[PDB]
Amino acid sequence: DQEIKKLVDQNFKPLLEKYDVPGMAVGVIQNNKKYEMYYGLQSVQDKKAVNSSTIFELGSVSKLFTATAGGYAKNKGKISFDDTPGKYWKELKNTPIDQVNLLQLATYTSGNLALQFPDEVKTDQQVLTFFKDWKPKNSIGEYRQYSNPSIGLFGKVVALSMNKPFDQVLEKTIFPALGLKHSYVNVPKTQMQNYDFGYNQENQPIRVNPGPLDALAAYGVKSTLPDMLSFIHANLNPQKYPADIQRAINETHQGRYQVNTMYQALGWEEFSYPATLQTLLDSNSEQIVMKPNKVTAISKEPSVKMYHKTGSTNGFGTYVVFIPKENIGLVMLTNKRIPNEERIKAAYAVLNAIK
């Protein structure tokens, strides 16, 4: 009786006091039934409660939507994952980065792209110059190094293949196909009352830096708890959706290579299910997140899988996880970052008790 509420109150609610988080939204979906729990405030100053309309910055969870957009384009034949960027972004033809293919960009294996652009790369024109000046380092395809530039280039190519800027790819094609009505790249004026600053580690209000427009594909999406639960629902139960978006979602579930106990899918990290808590924590280790790691081609993909993704901005935290075989998933959104390990542990405690 009210198992989900009790588990969320036991495992997530104490994190607000522990880390002085102003507001948190936790959603659990089980057997196509969505449970939403909210704690605290969207705005400390205004005393406005965090609610089902509150818009949160997703940080790197934005990459799940870029991945879905790439899967959408690929299954309509608009791109091949074996293509290179210069086929679509013609000012990259005859450059060294035109030896990297789109799957390698989407899965962080170009061999010379770090977590962030250099600090001086602030505009899209500087982004293009950066890619023109790029030269290889490690063997292409061999090393995973988690990278915002890498995804940003993949998203730009996807947008070019769809004859629309990236913000419109998501806002006009992908979000509508998923039935998401309050997810945004650019939050409109009519929604600004629902989109407040997040809070930094000193509880000072802070908003994500726009960065060059190409970085929106890496970390620029904002969404609500009900929309994120709908997105999990689409990942668990795609048959309710348009065929082209079913194929896009399916594309993001296929493992592309292995690193230790993790499989890298498009956007999602993938694990054999059941996964130990330690396996899930290891996916967030400094070694995996910050360093190049040699990849291994998949022999046999696990027959039963689960998927997760963390994301943060300076003022927000996100965690999403789903388990097809159990028909369950969970989303956590906060307007202050908390350690990724706390998100993963709390979600593990909830989902493992509702099996």
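Residues carry their position along the shown sequence, with the first being 1.
Undergrad: Which of the two stretches, 328-336 or 9-17, shows the higher mean Cα temperature factor in the record?
TA: According to the PDB entry, the answer is 9-17.
Undergrad: Could you check which stretch, 134-142 or 101-109, carries the larger mean CA temperature factor in the entry?
TA: So the stretch with the higher mean C-alpha B-factor is 134-142.
Undergrad: Go through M192, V169, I79, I232 one by one and give the residue whose Cα B-factor in the PDB entry is largest.
TA: Of the candidates given, the C-alpha B-factor peaks at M192.
Undergrad: Going by the deposited entry, which of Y184, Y219, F117, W268 has the highest CA temperature factor?
TA: Highest CA B-factor of the listed options: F117.
Undergrad: Quick check for you: using the entry's CA B-factors within this chain, is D196 in the lowest, middle or highest third?
TA: Within its chain, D196 is a middle-third residue by C-alpha B-factor, going by the deposited values.
Undergrad: Among the modelled residues of this chain, does the Cα B factor of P302 put it in the lowest, middle or highest third?
TA: Its C-alpha B-factor, which the entry lists for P302, ranks in the highest third among residues of this chain.
Undergrad: Determine, from the deposited record, the chain-internal third of the Cα B-factor for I55: lowest, middle or highest.
TA: Ranked within chain, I55 CA B lands in the lowest tercile.
Undergrad: Determine, from the deposited record, the chain-internal third of the Cα B-factor for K156: lowest, middle or highest.
TA: Ranked within chain, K156 CA B lands in the lowest tercile.
Undergrad: Among the modelled residues of this chain, does the Cα B factor of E202 put it in the lowest, middle or highest third?
TA: It belongs to the highest third of the chain when residues are ordered by C-alpha B-factor.
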